[PDB]
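run04.pdb follows (PDB, C-alpha atoms):
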```pdb
ATOM      1  CA  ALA B   1      23.484 -32.486 -38.132
ATOM      2  CA  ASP B   2      21.721 -29.990 -35.927
ATOM      3  CA  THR B   3      19.652 -27.172 -37.511
ATOM      4  CA  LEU B   4      19.836 -23.945 -39.503
ATOM      5  CA  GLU B   5      19.487 -21.805 -36.372
ATOM      6  CA  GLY B   6      22.091 -23.838 -34.505
ATOM      7  CA  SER B   7      24.554 -23.828 -37.402
ATOM      8  CA  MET B   8      23.944 -20.105 -37.670
ATOM      9  CA  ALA B   9      24.580 -19.582 -33.986
ATOM     10  CA  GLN B  10      27.819 -21.543 -34.350
ATOM     11  CA  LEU B  11      28.819 -19.571 -37.442
ATOM     12  CA  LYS B  12      28.249 -16.144 -35.894
ATOM     13  CA  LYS B  13      29.864 -17.348 -32.625
ATOM     14  CA  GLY B  14      32.762 -18.736 -34.603
ATOM     15  CA  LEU B  15      33.213 -15.539 -36.622
ATOM     16  CA  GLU B  16      33.559 -13.647 -33.336
ATOM     17  CA  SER B  17      36.140 -16.069 -31.867
ATOM     18  CA  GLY B  18      37.382 -16.652 -34.562
ATOM     19  CA  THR B  19      37.576 -20.428 -34.847
ATOM     20  CA  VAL B  20      35.820 -20.436 -38.236
ATOM     21  CA  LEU B  21      38.822 -18.694 -39.821
ATOM     22  CA  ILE B  22      41.331 -20.965 -38.060
ATOM     23  CA  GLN B  23      39.555 -24.079 -39.312
ATOM     24  CA  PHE B  24      39.629 -22.611 -42.866
ATOM     25  CA  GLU B  25      43.379 -22.100 -42.763
ATOM     26  CA  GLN B  26      43.808 -25.683 -41.528
ATOM     27  CA  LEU B  27      41.858 -27.137 -44.487
ATOM     28  CA  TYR B  28      43.806 -28.691 -47.353
ATOM     29  CA  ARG B  29      43.745 -26.783 -50.662
ATOM     30  CA  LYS B  30      44.492 -29.929 -52.627
ATOM     31  CA  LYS B  31      42.966 -33.216 -51.462
ATOM     32  CA  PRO B  32      45.792 -35.613 -50.680
ATOM     33  CA  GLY B  33      45.765 -38.838 -52.683
ATOM     34  CA  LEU B  34      44.034 -37.473 -55.801
ATOM     35  CA  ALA B  35      46.098 -38.002 -58.894
ATOM     36  CA  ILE B  36      46.997 -35.076 -61.177
ATOM     37  CA  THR B  37      48.669 -36.542 -64.246
ATOM     38  CA  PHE B  38      47.106 -35.339 -67.527
ATOM     39  CA  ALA B  39      47.441 -31.686 -66.557
ATOM     40  CA  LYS B  40      51.250 -31.943 -66.271
ATOM     41  CA  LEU B  41      51.941 -33.757 -69.593
ATOM     42  CA  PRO B  42      54.259 -31.860 -71.968
ATOM     43  CA  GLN B  43      51.544 -31.132 -74.507
ATOM     44  CA  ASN B  44      49.251 -29.820 -71.763
ATOM     45  CA  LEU B  45      51.472 -27.592 -69.594
ATOM     46  CA  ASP B  46      50.733 -24.393 -71.504
ATOM     47  CA  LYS B  47      47.026 -25.181 -71.538
ATOM     48  CA  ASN B  48      46.978 -24.236 -67.840
ATOM     49  CA  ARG B  49      46.787 -20.525 -67.171
ATOM     50  CA  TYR B  50      48.513 -21.072 -63.810
ATOM     51  CA  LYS B  51      51.109 -23.724 -62.963
ATOM     52  CA  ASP B  52      49.532 -24.594 -59.640
ATOM     53  CA  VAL B  53      45.803 -24.639 -60.578
ATOM     54  CA  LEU B  54      45.275 -28.036 -62.152
ATOM     55  CA  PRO B  55      42.329 -30.416 -62.369
ATOM     56  CA  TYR B  56      42.324 -33.782 -60.600
ATOM     57  CA  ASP B  57      42.209 -36.730 -63.035
ATOM     58  CA  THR B  58      39.002 -38.128 -61.394
ATOM     59  CA  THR B  59      36.896 -34.992 -61.981
ATOM     60  CA  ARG B  60      38.532 -33.520 -65.070
ATOM     61  CA  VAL B  61      36.172 -32.688 -67.910
ATOM     62  CA  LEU B  62      36.751 -34.782 -71.020
ATOM     63  CA  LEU B  63      35.685 -33.732 -74.503
ATOM     64  CA  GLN B  64      33.310 -36.255 -76.107
ATOM     65  CA  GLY B  65      35.194 -38.513 -78.515
ATOM     66  CA  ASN B  66      38.048 -35.999 -78.488
ATOM     67  CA  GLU B  67      41.406 -36.453 -76.802
ATOM     68  CA  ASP B  68      42.131 -32.716 -76.322
ATOM     69  CA  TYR B  69      42.849 -31.695 -72.715
ATOM     70  CA  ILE B  70      41.103 -28.805 -71.005
ATOM     71  CA  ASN B  71      41.669 -27.360 -67.553
ATOM     72  CA  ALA B  72      38.151 -27.819 -66.258
ATOM     73  CA  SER B  73      36.563 -29.877 -63.482
ATOM     74  CA  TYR B  74      33.058 -31.164 -62.665
ATOM     75  CA  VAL B  75      31.879 -29.744 -59.338
ATOM     76  CA  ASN B  76      28.572 -31.000 -57.946
ATOM     77  CA  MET B  77      27.095 -29.845 -54.712
ATOM     78  CA  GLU B  78      24.501 -32.131 -53.136
ATOM     79  CA  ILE B  79      21.823 -31.176 -50.659
ATOM     80  CA  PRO B  80      20.629 -34.696 -49.792
ATOM     81  CA  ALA B  81      17.781 -33.691 -47.500
ATOM     82  CA  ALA B  82      16.335 -31.783 -50.465
ATOM     83  CA  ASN B  83      17.054 -34.494 -53.084
ATOM     84  CA  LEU B  84      18.877 -31.735 -54.947
ATOM     85  CA  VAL B  85      22.231 -31.553 -56.758
ATOM     86  CA  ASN B  86      23.586 -28.301 -58.162
ATOM     87  CA  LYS B  87      25.939 -29.109 -61.019
ATOM     88  CA  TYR B  88      28.812 -26.955 -62.212
ATOM     89  CA  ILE B  89      31.790 -27.124 -64.520
ATOM     90  CA  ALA B  90      34.506 -24.971 -63.006
ATOM     91  CA  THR B  91      37.192 -23.825 -65.442
ATOM     92  CA  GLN B  92      39.899 -21.205 -65.968
ATOM     93  CA  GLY B  93      39.714 -18.155 -68.207
ATOM     94  CA  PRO B  94      40.530 -19.502 -71.680
ATOM     95  CA  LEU B  95      43.923 -18.867 -73.281
ATOM     96  CA  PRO B  96      44.197 -17.981 -76.967
ATOM     97  CA  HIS B  97      44.901 -21.641 -77.785
ATOM     98  CA  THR B  98      42.231 -23.083 -75.508
ATOM     99  CA  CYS B  99      39.147 -21.260 -76.845
ATOM    100  CA  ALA B 100      38.367 -24.196 -79.156
ATOM    101  CA  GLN B 101      38.259 -26.670 -76.250
ATOM    102  CA  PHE B 102      36.172 -24.252 -74.086
ATOM    103  CA  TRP B 103      33.524 -23.948 -76.756
ATOM    104  CA  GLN B 104      33.660 -27.701 -77.370
ATOM    105  CA  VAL B 105      32.671 -28.269 -73.732
ATOM    106  CA  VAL B 106      29.791 -25.819 -74.127
ATOM    107  CA  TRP B 107      28.689 -27.641 -77.313
ATOM    108  CA  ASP B 108      29.186 -31.227 -76.021
ATOM    109  CA  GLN B 109      26.941 -30.616 -73.026
ATOM    110  CA  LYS B 110      24.675 -27.965 -74.664
ATOM    111  CA  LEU B 111      25.344 -25.652 -71.723
ATOM    112  CA  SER B 112      22.960 -22.663 -71.747
ATOM    113  CA  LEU B 113      24.640 -20.542 -69.054
ATOM    114  CA  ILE B 114      28.209 -19.300 -68.673
ATOM    115  CA  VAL B 115      29.167 -17.207 -65.619
ATOM    116  CA  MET B 116      32.482 -15.317 -65.999
ATOM    117  CA  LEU B 117      33.762 -13.729 -62.816
ATOM    118  CA  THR B 118      36.629 -11.637 -64.111
ATOM    119  CA  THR B 119      37.479  -8.689 -66.337
ATOM    120  CA  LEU B 120      39.625  -9.486 -69.391
ATOM    121  CA  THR B 121      42.588  -7.569 -68.004
ATOM    122  CA  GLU B 122      43.761  -6.307 -64.627
ATOM    123  CA  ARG B 123      46.661  -3.828 -64.135
ATOM    124  CA  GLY B 124      47.792  -4.049 -67.735
ATOM    125  CA  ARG B 125      47.884  -7.870 -67.733
ATOM    126  CA  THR B 126      45.559 -10.294 -69.533
ATOM    127  CA  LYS B 127      43.509 -12.481 -67.161
ATOM    128  CA  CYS B 128      41.211 -14.092 -69.719
ATOM    129  CA  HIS B 129      41.231 -14.266 -73.501
ATOM    130  CA  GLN B 130      38.240 -12.648 -75.172
ATOM    131  CA  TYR B 131      36.669 -15.821 -76.453
ATOM    132  CA  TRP B 132      33.635 -14.040 -77.921
ATOM    133  CA  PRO B 133      33.455 -11.314 -80.610
ATOM    134  CA  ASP B 134      32.314  -7.745 -80.067
ATOM    135  CA  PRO B 135      28.956  -7.482 -81.808
ATOM    136  CA  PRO B 136      28.282  -7.635 -84.716
ATOM    137  CA  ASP B 137      31.436  -9.651 -85.562
ATOM    138  CA  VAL B 138      31.596 -13.456 -85.924
ATOM    139  CA  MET B 139      34.619 -15.444 -84.599
ATOM    140  CA  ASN B 140      35.761 -18.913 -85.587
ATOM    141  CA  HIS B 141      36.982 -21.079 -82.644
ATOM    142  CA  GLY B 142      37.887 -24.658 -83.525
ATOM    143  CA  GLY B 143      35.058 -25.038 -86.018
ATOM    144  CA  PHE B 144      32.550 -23.174 -83.899
ATOM    145  CA  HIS B 145      31.338 -19.816 -85.133
ATOM    146  CA  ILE B 146      30.463 -17.501 -82.223
ATOM    147  CA  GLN B 147      28.460 -14.285 -82.396
ATOM    148  CA  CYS B 148      27.117 -11.986 -79.709
ATOM    149  CA  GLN B 149      23.478 -11.166 -80.489
ATOM    150  CA  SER B 150      22.746  -8.970 -77.526
ATOM    151  CA  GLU B 151      24.982  -7.044 -75.113
ATOM    152  CA  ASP B 152      23.690  -5.024 -72.153
ATOM    153  CA  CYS B 153      25.529  -3.559 -69.156
ATOM    154  CA  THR B 154      24.036  -3.288 -65.668
ATOM    155  CA  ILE B 155      25.934  -1.881 -62.710
ATOM    156  CA  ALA B 156      28.086  -4.851 -61.856
ATOM    157  CA  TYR B 157      27.830  -7.250 -64.785
ATOM    158  CA  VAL B 158      27.314  -7.522 -68.540
ATOM    159  CA  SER B 159      24.620  -9.771 -69.970
ATOM    160  CA  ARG B 160      25.286 -11.195 -73.408
ATOM    161  CA  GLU B 161      23.363 -13.645 -75.529
ATOM    162  CA  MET B 162      25.581 -15.693 -77.777
ATOM    163  CA  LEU B 163      24.931 -17.921 -80.728
ATOM    164  CA  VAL B 164      27.118 -20.940 -81.246
ATOM    165  CA  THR B 165      27.184 -22.534 -84.679
ATOM    166  CA  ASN B 166      28.789 -25.877 -85.334
ATOM    167  CA  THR B 167      30.297 -25.383 -88.778
ATOM    168  CA  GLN B 168      30.694 -29.140 -89.406
ATOM    169  CA  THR B 169      26.970 -29.862 -89.043
ATOM    170  CA  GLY B 170      25.151 -26.512 -89.439
ATOM    171  CA  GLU B 171      23.503 -26.825 -86.021
ATOM    172  CA  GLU B 172      23.244 -23.871 -83.637
ATOM    173  CA  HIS B 173      22.911 -23.390 -79.867
ATOM    174  CA  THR B 174      22.200 -20.271 -77.750
ATOM    175  CA  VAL B 175      24.053 -19.402 -74.544
ATOM    176  CA  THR B 176      23.474 -16.755 -71.941
ATOM    177  CA  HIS B 177      26.783 -15.277 -70.800
ATOM    178  CA  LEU B 178      27.057 -13.215 -67.604
ATOM    179  CA  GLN B 179      30.310 -11.319 -67.008
ATOM    180  CA  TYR B 180      30.683  -9.993 -63.479
ATOM    181  CA  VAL B 181      33.137  -7.117 -63.837
ATOM    182  CA  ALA B 182      33.075  -5.676 -60.304
ATOM    183  CA  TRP B 183      35.105  -8.343 -58.531
ATOM    184  CA  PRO B 184      38.920  -8.248 -58.661
ATOM    185  CA  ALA B 185      41.163 -11.289 -58.450
ATOM    186  CA  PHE B 186      42.070 -12.389 -54.887
ATOM    187  CA  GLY B 187      39.519  -9.990 -53.418
ATOM    188  CA  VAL B 188      35.885  -9.673 -52.455
ATOM    189  CA  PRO B 189      33.054  -8.339 -54.637
ATOM    190  CA  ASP B 190      33.032  -4.510 -54.884
ATOM    191  CA  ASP B 191      29.473  -4.536 -53.541
ATOM    192  CA  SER B 192      27.985  -7.275 -51.395
ATOM    193  CA  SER B 193      24.401  -6.586 -52.388
ATOM    194  CA  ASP B 194      25.172  -6.624 -56.118
ATOM    195  CA  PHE B 195      26.875  -9.967 -55.533
ATOM    196  CA  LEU B 196      23.966 -11.531 -53.616
ATOM    197  CA  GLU B 197      21.488 -10.306 -56.207
ATOM    198  CA  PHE B 198      23.686 -11.700 -58.978
ATOM    199  CA  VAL B 199      23.921 -15.120 -57.304
ATOM    200  CA  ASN B 200      20.155 -15.310 -56.924
ATOM    201  CA  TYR B 201      19.789 -14.242 -60.544
ATOM    202  CA  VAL B 202      22.123 -17.039 -61.666
ATOM    203  CA  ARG B 203      20.081 -19.497 -59.608
ATOM    204  CA  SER B 204      16.958 -18.390 -61.466
ATOM    205  CA  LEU B 205      18.600 -18.995 -64.854
ATOM    206  CA  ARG B 206      19.495 -22.630 -64.193
ATOM    207  CA  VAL B 207      18.056 -25.230 -66.492
ATOM    208  CA  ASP B 208      17.113 -28.545 -64.847
ATOM    209  CA  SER B 209      20.023 -31.005 -64.491
ATOM    210  CA  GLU B 210      22.312 -28.836 -66.695
ATOM    211  CA  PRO B 211      25.679 -27.751 -65.216
ATOM    212  CA  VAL B 212      26.372 -24.021 -65.003
ATOM    213  CA  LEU B 213      29.794 -23.228 -66.538
ATOM    214  CA  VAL B 214      31.621 -20.967 -64.101
ATOM    215  CA  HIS B 215      35.063 -19.438 -64.572
ATOM    216  CA  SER B 216      37.258 -16.659 -63.308
ATOM    217  CA  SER B 217      40.945 -16.323 -64.236
ATOM    218  CA  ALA B 218      42.126 -19.471 -62.463
ATOM    219  CA  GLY B 219      38.651 -20.919 -61.951
ATOM    220  CA  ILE B 220      38.956 -21.448 -58.181
ATOM    221  CA  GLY B 221      38.833 -18.243 -56.158
ATOM    222  CA  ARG B 222      35.888 -16.180 -57.210
ATOM    223  CA  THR B 223      34.256 -19.354 -58.571
ATOM    224  CA  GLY B 224      34.503 -20.986 -55.109
ATOM    225  CA  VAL B 225      32.829 -17.993 -53.456
ATOM    226  CA  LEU B 226      29.929 -18.142 -55.923
ATOM    227  CA  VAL B 227      29.425 -21.906 -55.507
ATOM    228  CA  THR B 228      29.541 -21.615 -51.704
ATOM    229  CA  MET B 229      26.953 -18.859 -51.792
ATOM    230  CA  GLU B 230      24.531 -20.673 -54.120
ATOM    231  CA  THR B 231      24.778 -23.759 -51.904
ATOM    232  CA  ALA B 232      24.048 -21.698 -48.787
ATOM    233  CA  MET B 233      21.043 -19.947 -50.425
ATOM    234  CA  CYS B 234      19.529 -23.326 -51.197
ATOM    235  CA  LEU B 235      20.124 -24.511 -47.623
ATOM    236  CA  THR B 236      18.764 -21.364 -45.925
ATOM    237  CA  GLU B 237      15.571 -21.458 -47.980
ATOM    238  CA  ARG B 238      14.958 -25.081 -46.972
ATOM    239  CA  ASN B 239      15.733 -24.544 -43.270
ATOM    240  CA  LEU B 240      18.776 -26.843 -43.416
ATOM    241  CA  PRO B 241      22.076 -26.478 -41.512
ATOM    242  CA  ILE B 242      24.944 -24.533 -43.118
ATOM    243  CA  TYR B 243      28.555 -25.408 -42.434
ATOM    244  CA  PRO B 244      30.709 -23.328 -44.752
ATOM    245  CA  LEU B 245      33.781 -25.398 -43.994
ATOM    246  CA  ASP B 246      32.005 -28.603 -45.135
ATOM    247  CA  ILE B 247      30.919 -26.790 -48.296
ATOM    248  CA  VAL B 248      34.466 -25.594 -49.093
ATOM    249  CA  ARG B 249      35.922 -29.023 -48.363
ATOM    250  CA  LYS B 250      33.318 -30.599 -50.659
ATOM    251  CA  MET B 251      34.289 -28.245 -53.519
ATOM    252  CA  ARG B 252      37.972 -28.913 -52.887
ATOM    253  CA  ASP B 253      37.505 -32.623 -53.186
ATOM    254  CA  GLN B 254      36.448 -31.876 -56.805
ATOM    255  CA  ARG B 255      38.672 -28.930 -57.811
ATOM    256  CA  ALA B 256      41.670 -27.979 -55.655
ATOM    257  CA  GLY B 257      41.841 -24.606 -53.953
ATOM    258  CA  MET B 258      38.239 -23.409 -54.351
ATOM    259  CA  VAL B 259      37.925 -20.147 -52.353
ATOM    260  CA  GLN B 260      41.395 -18.661 -52.631
ATOM    261  CA  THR B 261      41.818 -16.305 -49.653
ATOM    262  CA  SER B 262      40.797 -16.006 -46.012
ATOM    263  CA  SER B 263      39.276 -12.642 -46.858
ATOM    264  CA  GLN B 264      37.043 -14.390 -49.417
ATOM    265  CA  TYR B 265      35.983 -17.026 -46.896
ATOM    266  CA  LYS B 266      35.225 -14.421 -44.271
ATOM    267  CA  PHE B 267      33.209 -12.507 -46.919
ATOM    268  CA  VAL B 268      31.123 -15.514 -47.814
ATOM    269  CA  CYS B 269      30.544 -16.497 -44.159
ATOM    270  CA  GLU B 270      29.353 -12.954 -43.319
ATOM    271  CA  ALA B 271      27.134 -12.885 -46.402
ATOM    272  CA  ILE B 272      25.596 -16.186 -45.341
ATOM    273  CA  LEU B 273      24.729 -14.748 -41.929
ATOM    274  CA  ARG B 274      23.373 -11.600 -43.570
ATOM    275  CA  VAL B 275      21.049 -13.550 -45.858
ATOM    276  CA  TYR B 276      19.874 -15.769 -42.976
ATOM    277  CA  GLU B 277      19.113 -12.767 -40.747
ATOM    278  CA  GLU B 278      17.506 -10.749 -43.582
ATOM    279  CA  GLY B 279      15.154 -13.692 -44.223
ATOM    280  CA  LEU B 280      14.541 -14.746 -40.653
ATOM    281  CA  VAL B 281      10.916 -14.649 -39.496
ATOM    282  CA  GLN B 282       9.900 -16.125 -36.064
TER     283      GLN B 282
ATOM    284  CA  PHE X   1      54.799 -20.631 -66.048
ATOM    285  CA  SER X   2      53.413 -18.655 -63.125
ATOM    286  CA  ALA X   3      51.452 -19.514 -59.974
ATOM    287  CA  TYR X   4      48.037 -17.982 -59.354
ATOM    288  CA  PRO X   5      48.838 -14.693 -57.568
ATOM    289  CA  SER X   6      47.237 -13.850 -54.225
ATOM    290  CA  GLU X   7      48.851 -10.384 -54.181
ATOM    291  CA  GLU X   8      49.461  -7.558 -56.663
TER     292      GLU X   8
END
```

Would you mind writing the structure in this file as structure tokens?
Amino acid sequence: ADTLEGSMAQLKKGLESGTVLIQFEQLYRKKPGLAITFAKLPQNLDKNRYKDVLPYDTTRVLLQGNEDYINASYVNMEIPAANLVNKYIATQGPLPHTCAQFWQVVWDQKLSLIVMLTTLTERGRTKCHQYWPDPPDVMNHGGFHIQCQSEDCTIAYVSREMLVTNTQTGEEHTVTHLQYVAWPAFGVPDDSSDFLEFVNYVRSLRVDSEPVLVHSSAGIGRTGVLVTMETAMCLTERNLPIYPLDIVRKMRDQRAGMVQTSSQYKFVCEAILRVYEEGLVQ
Amino acid sequence: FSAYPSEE
């Protein structure tokens, strides 16, 4: 598998050609042979924000001891040479009637970090339900009370600390919630440097072995860019080869369609080169 | 039910 420098030569060479973009367009969005059954059942159709963004049966997230369906997928990115696995749950922006299941996932797995890569609305249309209350209010979702204890806006994202109370048992759990608001659907981040800083910030907030919950509107486009970038950061820092196409394929084997547009792939490939060359010593 | 848009 060659080396970081070699893979980086090939990537910059291939961006010039550009074979890297041709090979992206050739890649399947949906892995052939992977069953998608539960997502299309009558009771589940309106639990999908988009008709064509559905979880595979093999990687779909199940609620513990609870039959309710949710459009969410486990996505794990391995870096074998580093004995490292970065775990994610990739999901859509909740609908009004899916907030209960979203918070159940957070509770089940005591997830401490949610990364939301969308605004609530775009162009007068709702892209994600507001599944948390404006402080100081308290919301009930499916027998979870949710309150926002802290809310602070930076340039490009909002940082919120949320308290989740299980009303059945009286137990509570705290979650950090990062909402990246400067990144429109089917496009690239408004500022590349804000994006790279945000990814590295997310990396720093990981808790050992705990998946990061990541969502956008569909949970594949902007989410796929973020996952690709975190993977690449880990690889560059360890002097290991980076093949973006292998990374996208690996995500797509776990949730169809990750990285929605060619423009997004080109963005992430360029950002990978940028980070490599910024960090390069000699 | 709608597909995930890639345009306006």

Could you list the residues in chain B lying within 12 Å of chain X, using all atoms listed in the file, and format the result as a compact mmCIF listing (two decimals) with C-alpha atoms, in the frame of the given file?
```
# COMPACT_ATOMS: atom_id res chain seq x y z
CA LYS B 40 51.25 -31.94 -66.27
CA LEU B 45 51.47 -27.59 -69.59
CA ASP B 46 50.73 -24.39 -71.50
CA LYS B 47 47.03 -25.18 -71.54
CA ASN B 48 46.98 -24.24 -67.84
CA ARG B 49 46.79 -20.52 -67.17
CA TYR B 50 48.51 -21.07 -63.81
CA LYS B 51 51.11 -23.72 -62.96
CA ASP B 52 49.53 -24.59 -59.64
CA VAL B 53 45.80 -24.64 -60.58
CA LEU B 54 45.28 -28.04 -62.15
CA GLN B 92 39.90 -21.20 -65.97
CA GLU B 122 43.76 -6.31 -64.63
CA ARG B 123 46.66 -3.83 -64.14
CA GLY B 124 47.79 -4.05 -67.74
CA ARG B 125 47.88 -7.87 -67.73
CA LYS B 127 43.51 -12.48 -67.16
CA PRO B 184 38.92 -8.25 -58.66
CA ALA B 185 41.16 -11.29 -58.45
CA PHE B 186 42.07 -12.39 -54.89
CA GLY B 187 39.52 -9.99 -53.42
CA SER B 216 37.26 -16.66 -63.31
CA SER B 217 40.94 -16.32 -64.24
CA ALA B 218 42.13 -19.47 -62.46
CA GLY B 219 38.65 -20.92 -61.95
CA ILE B 220 38.96 -21.45 -58.18
CA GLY B 221 38.83 -18.24 -56.16
CA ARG B 222 35.89 -16.18 -57.21
CA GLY B 257 41.84 -24.61 -53.95
CA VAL B 259 37.92 -20.15 -52.35
CA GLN B 260 41.40 -18.66 -52.63
CA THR B 261 41.82 -16.30 -49.65
CA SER B 262 40.80 -16.01 -46.01
CA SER B 263 39.28 -12.64 -46.86
CA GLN B 264 37.04 -14.39 -49.42
```

* How many Å separate atom CA of residue 251 of chain B from atom CA of residue 227 of chain B? ->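 Between these atoms lies a distance of 8.2 Å.
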
* **Contact residues around residue 265 of chain B with all atoms listed in the file at 8 Å, ignoring same-chain residues under 6 positions, as a list in words** =>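 The residues that qualify are residues 21, 24, 225 and 259 of chain B.
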
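Picture a line from atom CA of residue 30 of chain B to atom CA of residue 211 of chain B; it runs 22.7 Å.
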
* Given the PyMOL selection byres ((chain B and resi 74-83) around 9), the residues it picks as a ChimeraX atom specification -> /B:59-61,72-73,84-91,211,227,231,234-235,238,240,247,250-255

* Any chance you could resolve the PyMOL selection byres ((chain B and resi 128-136) around 12) against this file and give the residues as a ChimeraX atom specification? => /B:48-50,91-103,114,116-122,125-127,137-142,144-152,160-164,175,177,179,185,215-219
